[PDB]
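Colleague: Turn this into a structure:
(2 chains)
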Amino acid sequence: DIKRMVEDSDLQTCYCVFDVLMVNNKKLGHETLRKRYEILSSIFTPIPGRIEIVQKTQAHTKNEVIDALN
DNA sequence: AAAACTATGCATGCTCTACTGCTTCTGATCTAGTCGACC
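Modeller: Numbering: from 1, shown residues only, chains lettered A, B, ... in the order given. Here you go, the structure:
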């Protein structure tokens, strides 16, 4: 039940962010994914266990996709 | 010496106050099921 955390449970809630759509009266929804990913590193400094940024890896072949799936 | 008045004990009924047993109401507990929302 991440849907409803229990107080006695040892595990806690974590937020893995993979997009930003607005920062300081600047609308990022019409921008490219590259620029939003770049901006996402200038909003918060992640602290493991509570808030994090999902890692994206560059790839330009099908074999890379298959290796990641495996 | 005989008769009338009064005292005390006892029977009698009725009324009132504790104790035991049956029935019903409430509280507490457990078990089973439903719903919100996600995925």
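Colleague: ok, which stretches of chain A are helices?
Modeller: For chain A, applying DSSP state H gives helices covering A:33-40, A:62-69.
Colleague: Deepest-packed of those helices, please.
Modeller: Mean neighbours per residue, mean count of other C-beta atoms under 10 Å, is largest over these for helix A:33-40, with a mean of 13. C-betas here are computed from N, CA, C, even on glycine.
Colleague: Let's have the helices of chain A in CSV, adding distance to residue A:13.
Modeller: Below are the helices of chain A laid out as CSV (distance: least, C-beta to C-beta, whole Å):
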stretch, distance to residue A:13
helix A:33-40, 20
helix A:62-69, 27
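Colleague: so which of those helices comes closest to residue A:1?
Modeller: For the helices of chain A, proximity to residue A:1 was assessed by C-beta to C-beta; helix A:33-40 is nearest, at 28.5 Å.
Colleague: Any chance you could list what contacts the closest one?
Modeller: A:17, A:19-21, A:23, A:28, A:53, A:56 (C-beta atoms under 8 Å, 6 or more residues apart in numbering).
Colleague: State the distance from the residue lying farthest from the centre of chain A to residue A:15.
Modeller: Ranked by distance from the centre of chain A (C-alpha atoms, centre = their mean), the top residue is residue A:8, with 27.7 Å. Distance, residue A:8 to residue A:15, using C-beta to C-beta, to the nearest Å: 22 Å.
Colleague: Please name the residues that touch residue A:15.
Modeller: Counting by C-beta under 8 Å, 6+ apart, the residues that residue A:15 touches are A:50-52.
Colleague: redo that, cut-off 10 Å
Modeller: A:44, A:46, A:50-52 (C-beta atoms under 10 Å, 6 or more residues apart in numbering).
Colleague: Of the residues you listed, which is the nearest to residue A:2?
Modeller: Nearest to residue A:2 out of the contacts of residue A:15 is residue A:50 (C-beta to C-beta; 13.5 Å).
Colleague: Please determine how far that closest one is located from residue A:63.
Modeller: 36 Å.
Colleague: How about residue A:25?
Modeller: 44 Å.
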